[PDB]
């Protein structure tokens, strides 16, 4: 009589789903393909919507401890400050990926979610069968495809989809704050430092706490120096001379990668007892920093619709219908912003842009009016 859930993927969407289900009394197993539990991408921004999921999950406290809300979100064009935005009090937070990952993992273990590493889902059956690459076949009343842009839960079933892998990307790193060495300035701020002249180079400057700074170094793939890993110090120091102490530390990082952006969109998110969540269903452009946020919201809302006493198949359909438009709208707007370079203008966190952040999954309303 205990409902059994099998979750594929140990990213933010999967740990979120697993926790939310385990809290509602599901018997939950989670399968991570990688040989250990880890998050990639250096750092991450969360907002009101995502922090509310964390609250719902019983993991907000561990997240807030040792993370950072900057006094302001600042934008520069050609070293000239063009905007400072605080979103009329709307909560937000910057942290390392590991930090967010550890909190979710620790919460999941505390609740006794069963976790398997080196455990890859290769096939899913909408009647509630999951097949692992070991050949083990698992039965469950619910299957969660949270297995990322390359989701095998998705693709073994067949979902009508558009996927795009961009040619351009960025280099994400964590370095020491070097705050004293930076000298005079507002170095606790989020600072988005755009340039088109003399070259197209941009740094997103993002403190995670008193010790760790998150840097996104962005330049087109066609620029050999800017796209270089480990970082071509000279060309980054040249256009960002004030960040030299941090850029120096960044250049020691041999594991730096130039990762490319990637998006996915599906005509639907469910089939029978199978639900897709996160990048598996809706990877989007980084512009509004809502990829993990939407993923977590949708994962948490999935647990919610499963508490209505309908069949799992009906709940999944009601779930998509309820929650999806927020994601579609955010994905679209984020892609638009990316393509138009809209953030470069500053003051672009309009009410529409913040619609996803403003959403409170817990009470299913929009908060923090702008």
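Residue numbers count along the first chain shown, from 1.
task: Between 62 to 70 and 306 to 314, point out the one with the higher average CA B-factor as the PDB entry records it.
output: It is 306 to 314.
task: Take the C-alpha B-factors listed in the entry for 76 to 84 and for 176 to 184, compute each mean, and give the stretch with the larger one.
output: Mean B over CA atoms: larger for 176 to 184.
task: From the list 160, 93, 282, 202, select the residue with the highest C-alpha B factor recorded in the entry.
output: That would be 160, according to the entry.
field: 53, 44, 343, 37, ranked by C-alpha B-factor: the highest one
entry: 37 has the highest C-alpha B-factor of those listed.
task: Relative to the other modelled residues of the same chain, rank the CA B-factor of residue 226 and answer lowest, middle or highest third.
output: Lowest third.
message: Splitting the chain's C-alpha B-factors into thirds, which one does residue 48 fall into?
response: For residue 48, whose C-alpha B-factor we compare with every modelled residue in the chain, the answer is the lowest third.
Third of the chain, ranked by Cα B-factor, where residue 258 sits: Ranked within chain, residue 258 CA B lands in the highest tercile.
- prompt: Against its chain's modelled residues, does residue 139's Cα B factor rank lowest, middle or highest third?
  reply: For residue 139, the deposited C-alpha B-factor lands in the highest third.
query: In terms of the CA temperature factor given in the entry, to which third of its chain does residue 193 belong: lowest, middle or highest?
result: CA B-factor rank for residue 193: lowest third.
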